[PDB]
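Structure file start26.txt (compact mmCIF, C-alpha atoms and all ligand atoms) follows.
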```txt
# COMPACT_ATOMS: atom_id res chain seq x y z
CA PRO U 11 8.62 -23.26 25.93
CA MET U 12 9.53 -19.59 25.50
CA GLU U 13 10.57 -20.47 21.94
CA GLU U 14 13.79 -18.53 21.25
CA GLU U 15 13.46 -17.37 17.64
CA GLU U 16 16.33 -15.46 16.01
CA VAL U 17 15.64 -12.18 14.26
CA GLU U 18 18.38 -10.11 12.59
CA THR U 19 17.46 -6.54 11.60
CA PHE U 20 19.09 -4.93 8.55
CA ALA U 21 19.47 -1.76 6.44
CA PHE U 22 18.65 -1.73 2.66
CA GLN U 23 21.58 -0.48 0.69
CA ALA U 24 21.29 3.31 0.56
CA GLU U 25 20.42 3.32 -3.20
CA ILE U 26 18.07 0.31 -2.97
CA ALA U 27 15.99 2.23 -0.41
CA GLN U 28 15.91 5.29 -2.69
CA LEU U 29 14.51 3.02 -5.42
CA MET U 30 11.85 1.46 -3.23
CA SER U 31 10.45 4.90 -2.40
CA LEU U 32 10.61 5.80 -6.13
CA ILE U 33 8.24 2.83 -6.73
CA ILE U 34 5.87 3.16 -3.73
CA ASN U 35 5.56 6.97 -3.99
CA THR U 36 5.00 7.33 -7.77
CA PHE U 37 2.11 6.30 -10.05
CA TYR U 38 3.08 3.82 -12.77
CA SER U 39 1.11 2.40 -15.65
CA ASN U 40 1.71 -1.33 -16.25
CA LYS U 41 1.93 -2.26 -12.54
CA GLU U 42 0.57 -5.77 -13.45
CA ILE U 43 4.18 -6.98 -14.05
CA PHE U 44 5.28 -7.41 -10.44
CA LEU U 45 3.88 -10.89 -11.19
CA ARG U 46 5.83 -11.66 -14.37
CA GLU U 47 8.98 -10.74 -12.38
CA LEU U 48 8.27 -12.82 -9.28
CA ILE U 49 7.35 -15.66 -11.62
CA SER U 50 10.49 -15.24 -13.80
CA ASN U 51 12.74 -15.66 -10.71
CA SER U 52 10.89 -18.82 -9.66
CA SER U 53 11.49 -20.09 -13.21
CA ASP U 54 15.23 -19.34 -12.76
CA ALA U 55 15.04 -20.96 -9.30
CA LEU U 56 13.30 -24.03 -10.79
CA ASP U 57 15.96 -24.10 -13.64
CA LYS U 58 18.98 -24.20 -11.35
CA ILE U 59 17.50 -27.05 -9.30
CA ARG U 60 16.61 -29.05 -12.44
CA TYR U 61 20.23 -28.59 -13.66
CA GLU U 62 21.50 -29.62 -10.24
CA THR U 63 18.94 -32.47 -10.43
CA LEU U 64 20.54 -34.32 -13.41
CA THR U 65 23.81 -35.22 -11.68
CA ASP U 66 22.55 -35.47 -8.10
CA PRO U 67 18.85 -36.48 -7.99
CA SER U 68 19.06 -36.74 -4.20
CA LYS U 69 18.52 -32.96 -4.56
CA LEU U 70 14.84 -33.90 -4.98
CA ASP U 71 14.66 -35.93 -1.77
CA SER U 72 13.04 -32.95 -0.08
CA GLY U 73 11.15 -31.56 -3.14
CA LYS U 74 10.40 -33.55 -6.42
CA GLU U 75 7.82 -31.55 -8.39
CA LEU U 76 9.16 -28.47 -10.15
CA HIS U 77 6.14 -26.11 -10.38
CA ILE U 78 4.59 -22.72 -9.47
CA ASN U 79 1.37 -21.84 -7.53
CA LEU U 80 -0.55 -18.60 -7.33
CA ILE U 81 -2.74 -18.34 -4.20
CA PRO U 82 -5.09 -15.30 -4.11
CA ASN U 83 -6.57 -14.98 -0.58
CA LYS U 84 -9.42 -12.55 0.07
CA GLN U 85 -9.30 -13.01 3.87
CA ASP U 86 -5.81 -11.57 4.27
CA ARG U 87 -5.96 -9.48 1.14
CA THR U 88 -2.73 -11.36 0.29
CA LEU U 89 -1.47 -12.77 -3.01
CA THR U 90 1.16 -15.57 -2.61
CA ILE U 91 3.60 -16.97 -5.24
CA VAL U 92 5.12 -20.37 -4.27
CA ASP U 93 7.66 -22.53 -6.10
CA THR U 94 9.63 -25.68 -5.30
CA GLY U 95 12.93 -24.88 -7.06
CA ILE U 96 16.38 -24.36 -5.57
CA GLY U 97 15.74 -21.64 -2.97
CA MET U 98 18.20 -19.50 -1.07
CA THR U 99 20.62 -19.83 1.89
CA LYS U 100 20.97 -17.02 4.45
CA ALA U 101 23.85 -15.42 2.46
CA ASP U 102 21.65 -15.68 -0.65
CA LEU U 103 18.63 -14.02 1.08
CA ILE U 104 20.77 -11.35 2.80
CA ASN U 105 22.75 -10.51 -0.42
CA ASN U 106 20.05 -10.83 -3.10
CA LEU U 107 17.39 -9.08 -0.96
CA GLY U 108 18.74 -5.77 0.28
CA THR U 109 21.99 -5.73 2.26
CA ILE U 110 24.60 -5.44 -0.61
CA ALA U 111 24.58 -3.01 -3.57
CA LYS U 112 23.15 -4.01 -6.98
CA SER U 113 24.85 -2.78 -10.16
CA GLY U 114 21.71 -1.63 -12.02
CA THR U 115 19.95 0.46 -9.30
CA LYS U 116 21.34 3.82 -10.44
CA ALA U 117 21.15 3.02 -14.16
CA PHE U 118 17.48 2.33 -13.64
CA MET U 119 16.55 5.25 -11.40
CA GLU U 120 17.67 7.56 -14.22
CA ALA U 121 15.53 5.55 -16.66
CA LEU U 122 12.19 6.02 -14.82
CA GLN U 123 12.98 9.69 -14.06
CA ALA U 124 13.42 10.35 -17.83
CA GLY U 125 10.32 8.31 -18.78
CA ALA U 126 11.25 4.62 -19.17
CA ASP U 127 8.58 1.92 -18.64
CA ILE U 128 8.66 0.16 -15.22
CA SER U 129 8.95 -3.09 -17.23
CA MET U 130 12.67 -2.34 -17.63
CA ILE U 131 12.96 -3.19 -13.93
CA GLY U 132 13.68 -6.85 -14.66
CA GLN U 133 16.24 -5.77 -17.33
CA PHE U 134 18.20 -3.65 -14.80
CA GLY U 135 18.84 -6.51 -12.37
CA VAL U 136 16.23 -5.32 -9.83
CA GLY U 137 12.95 -7.10 -10.65
CA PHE U 138 11.95 -8.02 -7.07
CA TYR U 139 11.34 -4.52 -5.78
CA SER U 140 8.49 -4.24 -8.31
CA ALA U 141 6.68 -6.28 -5.63
CA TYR U 142 6.02 -2.94 -3.98
CA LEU U 143 4.35 -1.50 -7.05
CA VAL U 144 1.32 -3.35 -5.62
CA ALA U 145 2.47 -4.75 -2.18
CA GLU U 146 2.55 -2.84 1.16
CA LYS U 147 4.28 -5.68 3.03
CA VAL U 148 6.23 -8.56 1.44
CA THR U 149 7.36 -11.80 3.02
CA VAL U 150 9.83 -14.20 1.28
CA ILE U 151 9.92 -17.55 3.12
CA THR U 152 12.62 -19.82 1.57
CA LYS U 153 14.26 -23.21 2.06
CA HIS U 154 17.43 -24.77 0.59
CA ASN U 155 18.93 -28.26 0.94
CA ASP U 156 22.33 -27.41 2.42
CA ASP U 157 20.70 -24.84 4.79
CA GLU U 158 17.48 -24.42 6.89
CA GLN U 159 14.27 -22.29 6.57
CA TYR U 160 14.13 -18.48 6.72
CA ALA U 161 11.48 -15.76 6.58
CA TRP U 162 12.42 -12.43 5.03
CA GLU U 163 9.98 -9.58 5.63
CA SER U 164 9.86 -5.81 4.89
CA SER U 165 7.32 -2.95 4.71
CA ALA U 166 10.08 -0.85 3.15
CA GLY U 167 10.98 1.95 5.63
CA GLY U 168 14.67 1.20 4.91
CA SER U 169 14.23 -2.06 6.80
CA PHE U 170 13.95 -5.75 6.32
CA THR U 171 14.29 -8.62 8.84
CA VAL U 172 15.58 -12.18 8.31
CA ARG U 173 14.08 -14.54 10.93
CA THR U 174 15.00 -18.24 11.06
CA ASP U 175 11.52 -19.51 10.28
CA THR U 176 9.51 -22.20 11.89
CA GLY U 177 6.09 -22.15 10.27
CA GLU U 178 4.49 -24.21 7.54
CA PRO U 179 7.47 -26.39 6.51
CA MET U 180 7.88 -26.39 2.76
CA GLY U 181 10.37 -29.00 1.61
CA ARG U 182 12.31 -26.81 -0.78
CA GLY U 183 11.72 -23.54 -2.69
CA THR U 184 10.74 -19.90 -2.06
CA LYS U 185 7.36 -18.45 -1.00
CA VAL U 186 6.64 -14.78 -1.71
CA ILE U 187 3.54 -13.64 0.22
CA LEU U 188 2.22 -10.18 -0.65
CA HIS U 189 -0.05 -8.06 1.53
CA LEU U 190 -1.64 -6.00 -1.22
CA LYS U 191 -2.65 -2.38 -0.70
CA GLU U 192 -6.35 -1.45 -0.36
CA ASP U 193 -6.54 -0.23 -4.00
CA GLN U 194 -4.63 -3.28 -5.28
CA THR U 195 -7.34 -5.82 -4.57
CA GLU U 196 -7.81 -6.48 -8.33
CA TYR U 197 -4.80 -8.83 -8.19
CA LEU U 198 -6.88 -11.06 -5.87
CA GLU U 199 -9.61 -11.70 -8.50
CA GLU U 200 -9.50 -15.13 -10.17
CA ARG U 201 -10.32 -13.47 -13.59
CA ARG U 202 -7.48 -10.92 -13.45
CA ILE U 203 -4.68 -13.31 -12.40
CA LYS U 204 -5.62 -15.61 -15.33
CA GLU U 205 -5.60 -12.49 -17.52
CA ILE U 206 -2.13 -11.13 -16.60
CA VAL U 207 -0.33 -14.52 -16.38
CA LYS U 208 -1.74 -15.26 -19.84
CA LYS U 209 -0.59 -12.04 -21.49
CA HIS U 210 2.73 -11.71 -19.68
CA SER U 211 4.06 -15.18 -18.76
CA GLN U 212 3.33 -18.04 -21.23
CA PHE U 213 7.10 -18.50 -21.71
CA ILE U 214 7.43 -20.16 -18.30
CA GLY U 215 8.06 -23.87 -18.68
CA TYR U 216 6.68 -24.92 -15.28
CA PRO U 217 3.05 -25.70 -14.45
CA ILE U 218 1.38 -22.58 -13.07
CA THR U 219 -1.66 -23.61 -10.95
CA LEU U 220 -4.24 -21.12 -9.61
CA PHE U 221 -5.46 -21.85 -6.05
CA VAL U 222 -8.97 -20.38 -6.62
CA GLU U 223 -11.25 -19.88 -3.57
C1 LIG U 301 12.44 -13.00 -4.10
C2 LIG U 301 13.22 -13.46 -5.33
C3 LIG U 301 14.71 -13.30 -5.04
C4 LIG U 301 12.86 -12.53 -6.50
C5 LIG U 301 12.87 -14.93 -5.67
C6 LIG U 301 13.83 -15.92 -5.56
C7 LIG U 301 13.55 -17.25 -5.85
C8 LIG U 301 14.62 -18.28 -5.72
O1 LIG U 301 14.39 -19.30 -5.09
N1 LIG U 301 15.83 -18.04 -6.33
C9 LIG U 301 17.09 -18.69 -5.94
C10 LIG U 301 17.83 -18.77 -7.24
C11 LIG U 301 18.99 -19.45 -7.57
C12 LIG U 301 19.49 -19.38 -8.85
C13 LIG U 301 18.84 -18.63 -9.81
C14 LIG U 301 17.69 -17.95 -9.49
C15 LIG U 301 17.17 -18.02 -8.21
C16 LIG U 301 15.95 -17.37 -7.63
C17 LIG U 301 12.29 -17.60 -6.26
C18 LIG U 301 11.31 -16.65 -6.39
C19 LIG U 301 11.58 -15.32 -6.10
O2 LIG U 301 10.57 -14.42 -6.24
```

Mind converting the file's structure to structure tokens?
Amino acid sequence: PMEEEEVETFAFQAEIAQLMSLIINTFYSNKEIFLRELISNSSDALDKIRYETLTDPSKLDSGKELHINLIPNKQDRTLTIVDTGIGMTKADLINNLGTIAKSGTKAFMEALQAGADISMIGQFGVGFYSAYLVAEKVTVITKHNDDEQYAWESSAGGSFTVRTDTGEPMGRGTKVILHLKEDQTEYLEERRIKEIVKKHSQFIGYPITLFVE
């Protein structure tokens, strides 16, 4: 059929879109931490579910294994971070990713502009947007038990969409695909992903597997 997919277009919150341009349009040392961030949130995702999982273990009927996967892909020049923790509803996706104001955005913008490390990004409540330190597009496919599947996407530009996704079905958990920039192909090497995850994220208590090609 003429499949009728739903796509809702949105506007990043005024000061969130400032920030995104302050990341994409400014050289930063220590850019290798977009990963530690996107992995810390999966950890938090996987934590919530596990906590939910010890009163209702029907919450693992679509799911079961709490883990993380990194999937470097040299065909697409994409790096993908998949978990199978709690995931996000539409409100969750809309609110957490762009539409409503975050409390730390301003606090942080002043930090970087007076010489703070970009590693404080996680500290200031706005870790995700460090995806764009390295990523030119960024797609966050998610699924939650109460709700259905959804594909977030944004190339900045003040925009992000939230399409009700039909695509690879993924039980439960988020999937952050990154279309890396043409000088950010080092984060697609098997050696370098092992190197950063080692140095920056051995405090994660969920099996991190590398899908090496
Ligand atoms: C793209 C962001 C938001 C950054 C992200 C989110 C998740 C995820 O599934 N959640 C939902 C949830 C619920 C309670 C506590 C924490 C979280 C995070 C996973 C990965 C991921 O990158």

List every residue of chain U that has an atom at most 10 Å from any atom of ligand LIG 301 (chain U), giving for each one its closest atom pair and the distance in Å to one decimal, counting only C-alpha atoms and all ligand atoms, sorted by chain and then by ascending residue number, as JSON lines.
```
{"residue": "U:44", "atom": "CA", "partner": "U:LIG301", "partner_atom": "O2", "distance": 9.7}
{"residue": "U:45", "atom": "CA", "partner": "U:LIG301", "partner_atom": "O2", "distance": 9.0}
{"residue": "U:46", "atom": "CA", "partner": "U:LIG301", "partner_atom": "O2", "distance": 9.8}
{"residue": "U:47", "atom": "CA", "partner": "U:LIG301", "partner_atom": "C4", "distance": 7.3}
{"residue": "U:48", "atom": "CA", "partner": "U:LIG301", "partner_atom": "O2", "distance": 4.1}
{"residue": "U:49", "atom": "CA", "partner": "U:LIG301", "partner_atom": "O2", "distance": 6.4}
{"residue": "U:50", "atom": "CA", "partner": "U:LIG301", "partner_atom": "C18", "distance": 7.6}
{"residue": "U:51", "atom": "CA", "partner": "U:LIG301", "partner_atom": "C18", "distance": 4.7}
{"residue": "U:52", "atom": "CA", "partner": "U:LIG301", "partner_atom": "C17", "distance": 3.9}
{"residue": "U:53", "atom": "CA", "partner": "U:LIG301", "partner_atom": "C17", "distance": 7.4}
{"residue": "U:54", "atom": "CA", "partner": "U:LIG301", "partner_atom": "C14", "distance": 4.3}
{"residue": "U:55", "atom": "CA", "partner": "U:LIG301", "partner_atom": "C15", "distance": 3.8}
{"residue": "U:56", "atom": "CA", "partner": "U:LIG301", "partner_atom": "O1", "distance": 7.5}
{"residue": "U:57", "atom": "CA", "partner": "U:LIG301", "partner_atom": "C13", "distance": 7.3}
{"residue": "U:58", "atom": "CA", "partner": "U:LIG301", "partner_atom": "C12", "distance": 5.5}
{"residue": "U:59", "atom": "CA", "partner": "U:LIG301", "partner_atom": "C11", "distance": 7.9}
{"residue": "U:78", "atom": "CA", "partner": "U:LIG301", "partner_atom": "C18", "distance": 9.6}
{"residue": "U:91", "atom": "CA", "partner": "U:LIG301", "partner_atom": "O2", "distance": 7.5}
{"residue": "U:92", "atom": "CA", "partner": "U:LIG301", "partner_atom": "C18", "distance": 7.5}
{"residue": "U:93", "atom": "CA", "partner": "U:LIG301", "partner_atom": "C17", "distance": 6.8}
{"residue": "U:94", "atom": "CA", "partner": "U:LIG301", "partner_atom": "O1", "distance": 8.0}
{"residue": "U:95", "atom": "CA", "partner": "U:LIG301", "partner_atom": "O1", "distance": 6.1}
{"residue": "U:96", "atom": "CA", "partner": "U:LIG301", "partner_atom": "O1", "distance": 5.5}
{"residue": "U:97", "atom": "CA", "partner": "U:LIG301", "partner_atom": "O1", "distance": 3.4}
{"residue": "U:98", "atom": "CA", "partner": "U:LIG301", "partner_atom": "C9", "distance": 5.1}
{"residue": "U:99", "atom": "CA", "partner": "U:LIG301", "partner_atom": "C9", "distance": 8.7}
{"residue": "U:102", "atom": "CA", "partner": "U:LIG301", "partner_atom": "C9", "distance": 7.6}
{"residue": "U:103", "atom": "CA", "partner": "U:LIG301", "partner_atom": "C3", "distance": 7.3}
{"residue": "U:105", "atom": "CA", "partner": "U:LIG301", "partner_atom": "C3", "distance": 9.7}
{"residue": "U:106", "atom": "CA", "partner": "U:LIG301", "partner_atom": "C3", "distance": 6.2}
{"residue": "U:107", "atom": "CA", "partner": "U:LIG301", "partner_atom": "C3", "distance": 6.5}
{"residue": "U:132", "atom": "CA", "partner": "U:LIG301", "partner_atom": "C4", "distance": 10.0}
{"residue": "U:136", "atom": "CA", "partner": "U:LIG301", "partner_atom": "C4", "distance": 8.6}
{"residue": "U:137", "atom": "CA", "partner": "U:LIG301", "partner_atom": "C4", "distance": 6.8}
{"residue": "U:138", "atom": "CA", "partner": "U:LIG301", "partner_atom": "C4", "distance": 4.6}
{"residue": "U:139", "atom": "CA", "partner": "U:LIG301", "partner_atom": "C4", "distance": 8.2}
{"residue": "U:140", "atom": "CA", "partner": "U:LIG301", "partner_atom": "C4", "distance": 9.5}
{"residue": "U:141", "atom": "CA", "partner": "U:LIG301", "partner_atom": "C4", "distance": 8.8}
{"residue": "U:148", "atom": "CA", "partner": "U:LIG301", "partner_atom": "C1", "distance": 9.4}
{"residue": "U:149", "atom": "CA", "partner": "U:LIG301", "partner_atom": "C1", "distance": 8.8}
{"residue": "U:150", "atom": "CA", "partner": "U:LIG301", "partner_atom": "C1", "distance": 6.1}
{"residue": "U:151", "atom": "CA", "partner": "U:LIG301", "partner_atom": "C1", "distance": 8.9}
{"residue": "U:152", "atom": "CA", "partner": "U:LIG301", "partner_atom": "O1", "distance": 6.9}
{"residue": "U:153", "atom": "CA", "partner": "U:LIG301", "partner_atom": "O1", "distance": 8.2}
{"residue": "U:154", "atom": "CA", "partner": "U:LIG301", "partner_atom": "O1", "distance": 8.5}
{"residue": "U:162", "atom": "CA", "partner": "U:LIG301", "partner_atom": "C1", "distance": 9.1}
{"residue": "U:182", "atom": "CA", "partner": "U:LIG301", "partner_atom": "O1", "distance": 8.9}
{"residue": "U:183", "atom": "CA", "partner": "U:LIG301", "partner_atom": "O1", "distance": 5.6}
{"residue": "U:184", "atom": "CA", "partner": "U:LIG301", "partner_atom": "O1", "distance": 4.8}
{"residue": "U:185", "atom": "CA", "partner": "U:LIG301", "partner_atom": "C18", "distance": 6.9}
{"residue": "U:186", "atom": "CA", "partner": "U:LIG301", "partner_atom": "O2", "distance": 6.0}
{"residue": "U:187", "atom": "CA", "partner": "U:LIG301", "partner_atom": "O2", "distance": 9.6}
```

key: Shell of 9 Å around residue 72 of chain U, all atoms listed in the file, local chain residues under 6 positions omitted, as a list in words   =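 With the cut-off at 9 Å, the set is residues 155, 180, 181 and 182 of chain U.
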
Exercise: residue 190 of chain U partners within 9 Å, all atoms listed in the file, chain neighbours under 4 positions left out, as a list in words =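 So, after excluding close chain neighbours, the residues are residues 86, 87, 88, 89, 142, 144, 145, 146, 147, 148, 194, 195, 197 and 198 of chain U.
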
task = Grab the atom CA of residue 119 of chain U to atom CA of residue 29 of chain U distance for me, in Å with one decimal place.
result =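 Computing it gives 6.7 Å between the two atoms.
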
task = Rank nothing, just name the residue among U:158, U:120, U:127, U:223 nearest to residue 39 of chain U, using only C-alpha atoms.
result =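 Nearest candidate to residue 39 of chain U out of U:158, U:120, U:127, U:223: U:127.
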
Atom CA of residue 60 of chain U to atom CA of residue 177 of chain U, straight-line distance in Å =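 Atom-to-atom, atom CA of residue 177 of chain U to atom CA of residue 60 of chain U, that is 26.0 Å.
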
request  = Would you work out the distance separating atom CA of residue 36 of chain U from atom CA of residue 125 of chain U, expressed in Å to one decimal?
outcome  =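 If I compute the distance from atom CA of residue 36 of chain U to atom CA of residue 125 of chain U, I get 12.3 Å.
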
note = Using all atoms listed in the file, the best pick from U:20, U:216, U:118, U:170 as closest to residue 32 of chain U would be U:118
